[PDB]
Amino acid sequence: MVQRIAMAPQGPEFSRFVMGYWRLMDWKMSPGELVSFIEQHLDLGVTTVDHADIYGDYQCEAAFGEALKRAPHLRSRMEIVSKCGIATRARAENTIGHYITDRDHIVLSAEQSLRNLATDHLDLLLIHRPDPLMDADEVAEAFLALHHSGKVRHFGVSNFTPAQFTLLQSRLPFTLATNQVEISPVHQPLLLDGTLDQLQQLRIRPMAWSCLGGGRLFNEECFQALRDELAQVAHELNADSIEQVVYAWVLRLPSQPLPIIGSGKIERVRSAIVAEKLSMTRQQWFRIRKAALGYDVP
């Protein structure tokens, strides 16, 4: 089944592919359909699932929780990731989109995540975005309260620069387990700006979001050349689709990213993880890179 990967030295073990529930409300599944969807991706070996407090106007967590109430035995088969730190205008009290990373909000957000998800613990809690008002001492207090109470097993960040990563890690007695960042052929600046250098150096694995550009891979005109090349490499690799080749292109990176699947169709989920079997050459990798960017490596 899907490869298991240690997220950090003595960190949690995740599935190499993650099921992301950003778009859960868009799928318009009944709780029973969601149970079946979860059961099927667990059976494929997709055990790690990705959430945030804000997703679906603060509804995805609770909808996922309706499934876990229906089939509580499923909790022991999965690793739950959720996030906090963002405040959207979906809440009436928020007249602007902003960030909240104070201690009490982090503790209370995770506690609310537990109630929404119908579970007694999170495997991993992320700070969702770097915040110019983040006091690392206060986040550290919140993490220890959550870890010491057994409510959260591991902690991480998302979309952090290396300086922001290092700032927070300096306050923590345990290793941050991921920096969940955007990695795709259509979005590559983290390959060179130091983010993926730091993660490889520390042996911390990134969860990778919008690996398909949130759909932009299929629909934006300026990626016609990328689609053509992915099709040619798919033919060479006997892959089933261009997205399988994209997933192989992400999996090839030496930080060993974990692609997060965003599709609500279990057949796309099933097809995505076939990417593990592909044997992409370096030249195929650099051919795909050039097709996306338009220019050669220096």
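Start at 1 with the first residue shown and count on from there.
- Two stretches are in play, 233 to 241 and 47 to 55, and the higher mean C-alpha B-factor belongs to 233 to 241.
- Once the C-alpha B-factors are averaged per stretch, 178 to 186 and 114 to 122 rank with 114 to 122 first.
- Across the options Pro72, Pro130, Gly156, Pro206, the residue with the most elevated CA B-factor in the record is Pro72.
- Looking at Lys83, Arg89, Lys151, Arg171, the one whose CA carries the top B-factor in the deposited record is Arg89.
- When the modelled residues of the chain are ordered by C-alpha B-factor, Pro162 sits in the lowest third.
- Split the chain's modelled residues into thirds by C-alpha temperature factor. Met280 is in the middle one.
- When all modelled residues of the chain are sorted by CA temperature factor, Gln256 is found within the middle third.
- When the modelled residues of the chain are ordered by their C-alpha B factor, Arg77 lands in the highest third.
- Annotation for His147: C-alpha temperature factor in the lowest third relative to the rest of the modelled chain, per the entry.
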